[PDB]
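Student:
Put into structure tokens, the structure is as follows:
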């Protein structure tokens, strides 16, 4: 069908099925559960279906990739949580923003299941497909068939994918009119469910309901016992090699990450003899691991969720970590006092800043092979926020969290925590300096995330309401744990408030660029 | 096509009295109150531009009749007008929202609802019938209502025009639409038409600076946000904070004046404001007397910043030897007290009597204080529902009621010399007059025409329910002025997101 | 806003009791002294304390020499209207006014804050506004229809006496205003039916006690009163509410006993 | 109906009647005079029907306002002069300039009679109406009905109005393409006249024929006996408070304005005793008013059309007015001689510069209560063109002409007159200085205006032909008397020639802005 | 409907059941019947209170539904008081002393007692108890 615009211009509401539909008989299905007709009639936006194509996007890179599955339409996905088996295709719609002054083509091809998706103008046309002009636009209705060899799917079956790619780049220099694409779908008339079953499955919940709580209520994994004073963003902090604050939906807490940071914040050491030749006698001590009684590489080499300060790579007499320390005694501990301690030993690499039992202790009179408390508390010496930020190098094979960096153009938003500075009037020899701690992610959000497991291949785009809805920033939360925001400026000290009320916006693809922009320089 | 969901004529048999309407009301078409919004490339995707409800408010004729009637039924034939251009890129999807049903943030989900779409480029408006979804034979007053939600089916990719598009909605009750239960024409619902009496702003009063006529209107980018108390008013909540409908009466005040001296620098003496309105210093009622003062000259300036005041010892019959005296708020040397809202204040008089009421007339300001300093109202923190600090939506600036404050100098050694300054009042009770007279449609903004030269020049301002007016400004300047000729006039109801078509060049 | 005012303060000497000097009110609203526009600045004052009292009756005022930026030495000063010794000028509306200050500069603007009264002046004396005659369509004098009395907005004016020899001491008195702009607010908002008087109910004790008043289009409010008293007062609790449109001849069913 | 443009673009010739037509039976009409069919077929431009809408015009302000009456179409109006009663509607056409690159809507609503016309996008849609797009344009044919409660109108009946307003503002930044709107009309087939009557009525003549005469032939009311040396324009001369040169079509000559300025230029005074304390003894004198023998406020306080120089507000020994003066004697006057005279007295305000009998006279030996001639002649002292321009302040209740200022953007064009300077070689004590006089309007034009009374609510747009048609300026003549031109520059000394040949262009609304522009700076 | 005091004949006004719903449950919002003095007693020659009684009867269409056991929290239309002399009643202020008589005193303008106070809705108020003894 075709229609003219308000005046001039021409827009086509194309409908076609690039690949024929082979409706299954559902004979093997024990019971073919029907479905509400108004669901077929109604259309919904596919998760991650909103991809924007500008004149800068390279031609050939795929912008959208959807598995033909009940997850496409919200209603069908929610029902699929009720049922067990599903069948039938989907009527996907491509809503395009056509102006008749733009110039370019997009191509939508249905990739069969178990077939790799290529990304190039060439080499992608082979698949059954359709080409949409940007000047025509308006709702190319793709009848995405249900490519099947079994009569109806069970959970986990590999599924065909619809992929949209820039067929011909946008070039019309009408002053950078980007084209936004919305994709919607709904079950085809042939779609049917089967085998009703209690509604608890592995489905990612179609909408993840964010508990309306503020960040300052959240705990700081790297700095428990310290409220999250504000959310924070820095350009310099490219990567994050932390092991205490790191959680993911799939693998759970990683490395030293724990869901009770305050609970595990404490640790103990055996205080083995010997010391390095530093001006203050730094007696060695080995952290005792309740979970690793038999020291082996596959488990962590330090107590779960112990410490992540990692002040200096070669910190000698300039930087230190300060901690309460007391000798274990009947009941509790003996005269617990603050002391300047360090990871491993400065004298040797691989131990200067790593994760191992061996650690410096300021206490000159540290008893040989006596259990000693250690509370990392804070930092002293010449440390600063960035020196704290760099976590110690973790090595071995103890499933430690790999260091990660945000996608180009985005930056890691952190849960900034203000660390009080403890200073002694008497000559205890130790004076913690004011410092701050940044946490990649807090377990509180991750709890609701685990409840509403992310849909595979999608990314939680959470918009952060700050001033009662007047100001709404947008942070992209990745399933790996880190949260990122699209930033244009280049500043290290830019701040975000801690008003709260995180809310779920929609499911977007990792490549998706946040429409909202945070000017760090501003 | 035109009707995504066919209307279900209700038999109304349950209605005690079927109140028909003039057929010509159905025949005629007209724009709807508040059904005006601006869509622009700067708009955020997935953000509902506008939300309505199938209700007699859609048609102004139907609303006017609704003031007479208690019950009503039927949908609304709605026609959507687009101020589009050829360069425009995008489509609009309007999805009728049955009551109790939530609205998805995505157009791909809005498509499921009974909807209908046009193109920005096409000129002929599209007609969408928005049926009334009823679970009862007819609809009483105050019940939940199905919503009409307009969403940009496609945002502005080309954006070659780079100027927003105006949308206006027209509605018509369906032939099946019927009223019932005739009642006296007095309803809490907002009147479709707001009639603003012609009163020049100078004819209005300045809450911040009584006794000084509003000399002009002011615009300033520097004054990004408003934290004032006296000026603020609200259509719904009435007066907020210290603000009162009589700034003149509340201007006077007094303090018990306990015999105490300043601690950091004992050149001043401490006095506590009595609270006739608040019998006891409660954390919920205002800490300062109703409508007293919000100069906030000093932030930490113990001496350089000072407020003037006519002060006198209280005696039988009246006060004593009322003389100018310079004063401050709380403890200048104290954090949380140098500039806050509480009883303690500075007093210049070296001699202050132990617990004697002193007249307090804030009068004016002294020292190095300036307009910028006074514009910053004292920071007040507590649990007495202080008036919240507000700022205009991005792209719009506050318009204030500028007032001129005369200076006062003394040759004799009274030690007080009031520096000349200006004052800015957020809103006027004289405009709240007609505001309260005619209610605001919920979640809608009044668009006011301000006429200066007998109609030759008009400035359009948005007046929000919160009580603050804004103007679209392309430029950025600090000292921009607007005359006080007057003749405020109501234009239309617009959504808060609406952008004023007219623009004001501040750099001019 | 109109309360403040200024006078050119020309070099004129008082007659009768010396030590006072004449001053002319400047007319920012009225550029030039005209027989049609008001002779005094808009909304200046109408105290009219004295009728022929050269010294017994007087008005207080905060006055200061006008200079760049602002006024100078704003101090209380005793003042009056026109020529207290002159018939047709003692109590009228003309730029000429008494000034207590012995030192008045030749043609310098002075701040004029009418503030309050002084001397023998009392509430009755202030209640009599100065007689104004001319062609400037001054507000006509009005009286209530027989059997009804005006209801006024009483206000309290604090006194002020000085220990230092400033020579000015304000006597405490009250003030009565015929109508309030805060009520004319809604009056203008909703016009009056032609030739009809609004009958409004005034509620004092949360509805326990009500008082019916008529609000005439001329601005004055009246109440039917069987008794006759001078000092009768009514609480200011509030809650004015419109009852019904009535003809001017209407007699309020409710009655207020003044002797009570 | 619809039609495409030369290529692309789309234009609609809409026809519709927003309000139904109720044709009267004309039963009560004694005789229903028919009307020439070709008049119905033919279309004409309505007076004031050419209103231009640009992207700067505020949305909401009404641009056009036409009473549905025979005055709309020229032919019908001229016939209506022949007849007595009229009936029937009109087919109004909206000719729009649509480009398909513009963007905006205008709204035309038929206001019923005796109903106030509002001006706002909202609050105006209630009336029966139609919305025209600027991209479609081309002749929306509005069938303006004849809203009647009487079967056929008599003269003076209130009539419904068609009002056109900016429904949606023009914004298309195609480099300031303003849109010009022409409105034309013609009687509907039902239109009929009745009761033929001799053709002399109160109708404004449909076209006002300007007598082809030059300004220098015109007289200068403020300075008779002095030819109008040129037409003149000044930025500084904002308002005009003159009482000698002021005429209007409706109320006739106002204040001291007279149709024989030269005839009344003379006056006489009684020369009452007393003088002010100025260095030269300025004897007082009271002007005798033939029309005001009993001095009363309602009539003027000075002789009709006496004097308007008004040199100085506080002119003492620096400025004066000079006039021939002679003592009345048997026959004529005794030794009439020039003398420096003044309005009222400098010593007092309200008399310094006002209109009253009392006036200064230079003559030291001015006889008490002796009639004396006064001929204002010219000016002396330190006067200049602008000091002369300011007329004296007029006060009282003698129906004096109110001071007026032009609409914003326009300026008062004047009839500049060059005043010869009389200088005495002998010590007569008086020396007139060269000066000029500006006149708001001359009675000569107003004579033809009275003949062709202006249509109510319209303004005479007269184009001034100067160089034989090569140069044609445009001056808007308001019925109040003043003539104005749209000026862009800001200069006080800009001049217009006195070639002549004023010609009538068309009837425009007061809000109308002259298309032609005069650059004062140029 | 409007009635005049002077007339003795009763005026019948039908009080319709305004329903936005098929039928009412217990506790729903209901249309109110309001009686107001249309014109005041300006004459006041009587100066005595005029008593008003209201009588009602269900309209023919009036109908019930959903039979249920007869127990509801609503107040009974008729209140039955056992015949008990006040001296047979107990005095909270002074137990052990029978209520000798009922007392009126103009001087006792207001009551500030705690023990005596009782409330139908709130039961005992302040120190008051159902067993003063």
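Protein chains in written order, with the deposited numbering: chain C, 6 to 527; chain B, 20 to 527; chain A, 268 to 527; chain C', 6 to 527; chain A', 135 to 267. A prime marks a further copy of an entry chain. All C-beta atoms, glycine included, are put in the ideal place defined by N, C-alpha and C.
Counting only C-beta atoms, is residue 141(C) closer than 7 Å to chain C' at any point?
Tutor: Along the first chain, one-based indexing puts residue 141(C) at 136. Closer than 7 Å: no.
Student: If you follow the alpha helix (DSSP H) that residue 86(C) is part of, which residue opens it and which one closes it?
Tutor: As a first step, residue 86(C) must be located in the first chain, where it is residue number 81. Counting along the chain, the alpha helix (DSSP H) containing residue 86(C) begins and ends at 79-87.
Student: Could you tell me whether the Cβ atoms of residue 226(C') and residue 444(C') are closer together than 7 Å?
Tutor: Along the fourth chain, one-based indexing puts residue 226(C') at 221. Along the fourth chain, one-based indexing puts residue 444(C') at 439. In contact: residue 226(C') and residue 444(C') (Cβ atoms closer than 7 Å).
Student: If we define contact as Cβ-Cβ less than 7 Å, is residue 178(C') a contact residue for chain C?
Tutor: Stepping through the fourth chain from its first residue, residue 178(C') is reached at position 173. False, the Cβ-Cβ gap to chain C never drops below 7 Å.
Student: Taking 7 Å as the CB-CB limit, is residue 221(C') close to chain A?
Tutor: One-based indexing of the fourth chain puts residue 221(C') at position 216. False, the Cβ-Cβ gap to chain A never drops below 7 Å.
Student: List, from N- to C-terminal side, the beta strand (DSSP E) runs of 3 residues or more that fit wholly inside the stretch 275-316 of chain A.
Tutor: DSSP runs (the beta strand (DSSP E)) wholly in the stretch 275-316 of chain A: 288-291.
Student: Using the rule of at least 16 other Cβ atoms within 10 Å of the residue's Cβ for burial, across every protein chain shown, is residue 334(C') buried or exposed?
Tutor: On the fourth chain, residue 334(C') is found 329 positions in, with the first residue counted as 1. By the 10 Å Cβ count, residue 334(C') comes out exposed.
Student: Secondary structure at residue 128(B), three-state DSSP: helix, strand or coil?
Tutor: To locate residue 128(B), count along the second chain from 1; it is residue 109. Helix, per DSSP.
Student: If you follow the alpha helix (DSSP H) that residue 157(B) is part of, which residue opens it and which one closes it?
Tutor: Stepping through the second chain from its first residue, residue 157(B) is reached at position 138. Where residue 157(B) is concerned, there is no enclosing alpha helix (DSSP H), given that its DSSP letter is neither H nor E.
Student: Counting only the same chain and skipping the five closest in sequence on each side, list residues whose C-beta sits under 7 Å from that of residue 165(C).
Tutor: For this step, residue 165(C) is matched to residue 160 along the first chain. Result list for residue 165(C): 73, 115, 116, 117, 118, 152, in chain order.
Student: Mind checking who residue 479(B) pairs with in its DSSP beta bridge?
Tutor: The residue given as residue 479(B) occupies position 460 in the second chain. Residue 479(B) is bridged to 468(B).
Student: Comparing C-alpha positions only, which one of 174(C), 192(C), 185(C) sits nearest to residue 131(B)?
Tutor: As a position in the second chain, residue 131(B) is number 112, starting the count at 1. Residue 131(B) has its Cα closest to that of 192(C), out of 174(C), 192(C), 185(C).
Student: Could you check what DSSP says for residue 105(C') in three-state terms: helix, strand or coil?
Tutor: Counting from one through the fourth chain, the residue named residue 105(C') turns up at place 100. Coil.
Student: Identify every residue that forms a DSSP beta bridge with residue 337(B).
Tutor: The residue you call residue 337(B) lines up with position 318 of the second chain. The partner list for residue 337(B) (beta bridge, DSSP) reads 426(A).
Student: Which residues, in order along the stretch 397-410 of chain C', keep a beta-carbon less than 8 Å from a beta-carbon of chain A?
Tutor: For the stretch 397-410 of chain C', which is checked against every Cβ of chain A, the residues closer than 8 Å are 398, 400, 401, 402.
Student: Measure how close the beta-carbons of residue 217(B) and residue 506(B) come, nearest whole angstrom, since I'm counting them as under 8 Å.
Tutor: Within the second chain, the letter at position 198 stands for residue 217(B). Within the second chain, the letter at position 487 stands for residue 506(B). Rounded, the Cβ-Cβ distance is 5 Å, consistent with contact.
Student: For the alpha helix (DSSP H) containing residue 167(C'), name the first residue and the last one.
Tutor: Numbered from its first residue, the fourth chain carries residue 167(C') at position 162. Element bounds for residue 167(C'): not the alpha helix (DSSP H) but the beta strand (DSSP E), 166-173.
Student: Do residue 113(C') and residue 169(C') have their C-beta atoms closer together than 7 Å?
Tutor: As a first step, residue 113(C') must be located in the fourth chain, where it is residue number 108. As a first step, residue 169(C') must be located in the fourth chain, where it is residue number 164. Cβ distance < 7 Å, so residue 113(C') and residue 169(C') count as in contact.
Student: For residue 211(C) and residue 298(C), what's the separation of their Cα atoms in angstroms?
Tutor: The count along the first chain starts at 1 and reaches residue 211(C) at position 206. The count along the first chain starts at 1 and reaches residue 298(C) at position 293. Taking the straight line joining both Cα atoms gives about 43 Å.
Student: Counting only C-beta atoms, is residue 150(A') closer than 7 Å to chain B at any point?
Tutor: Position 16 of the fifth chain, counted from the first residue, corresponds to residue 150(A'). It does: the Cβ of residue 150(A') has a partner Cβ on chain B nearer than 7 Å.
Student: What does DSSP give as the partner residue(s) for residue 213(C) in the beta ladder?
Tutor: Here residue 213(C) corresponds to residue number 208 of the first chain, with the count starting at 1. DSSP lists no partner for residue 213(C).
Student: For the putative contact between residue 427(C') and residue 343(C'), defined by C-beta atoms under 8 Å, what is the C-beta separation to the nearest angstrom?
Tutor: Sequence index remark: in the fourth chain, residue 427(C') carries index 422 (1-based). Sequence index remark: in the fourth chain, residue 343(C') carries index 338 (1-based). The Cβ separation is near 7 Å, so the contact holds.
Student: In the structure shown, what three-state DSSP assignment does residue 43(B) receive?
Tutor: Within the second chain, residue 43(B) is the residue found at index 24, counting from 1. It is helical.
Student: Tell whether a beta-carbon distance below 7 Å holds between residue 319(A) and residue 350(A).
Tutor: Here residue 319(A) is taken as the residue at index 52 of the third chain, counted from 1. Here residue 350(A) is taken as the residue at index 83 of the third chain, counted from 1. Not in contact: residue 319(A) and residue 350(A) (Cβ atoms no closer than 7 Å).
Student: Going along the chain, which residues of its own chain have a beta-carbon closer than 8 Å to the beta-carbon of residue 434(A), five neighbours each way excluded?
Tutor: Within the third chain, residue 434(A) is the residue found at index 167, counting from 1. These residues qualify, in order along the chain: 345, 367.
Student: Between residue 317(C') and chain A, is there a C-beta pair that is closer than 7 Å?
Tutor: For the purposes of this step, residue 317(C') is identified with residue 312 of the fourth chain, where counting begins at 1. Taking Cβ atoms only, chain A never reaches closer than 7 Å to residue 317(C'), which makes this a no.
Student: Under 8 Å by Cβ, that's how I've got residue 463(C') and residue 512(C') pegged, so tell me the actual separation to the nearest angstrom.
Tutor: Stepping through the fourth chain from its first residue, residue 463(C') is reached at position 458. Stepping through the fourth chain from its first residue, residue 512(C') is reached at position 507. The Cβ separation is near 4 Å, so the contact holds.
Student: Please say whether residue 44(B) and residue 88(B) have beta carbons closer to each other than 7 Å?
Tutor: Taking the first residue of the second chain as position 1, residue 88(B) is located at position 69. Taking the first residue of the second chain as position 1, residue 44(B) is located at position 25. For residue 88(B) and residue 44(B), no; Cβs fall outside 7 Å.
Student: Run down chain B in chain order and give the residues with a C-beta less than 8 Å from the C-beta of residue 181(C').
Tutor: Against the fourth chain, residue 181(C') aligns to sequence position 176. Simply none; closest approach about 13 Å.
Student: Rounded to whole angstroms, what is the Cα-Cα separation between residue 337(B) and residue 250(B)?
Tutor: Locating residue 337(B) in the second chain gives position 318, counting from the first residue. Locating residue 250(B) in the second chain gives position 231, counting from the first residue. Those two C-alpha atoms are separated by around 29 Å.
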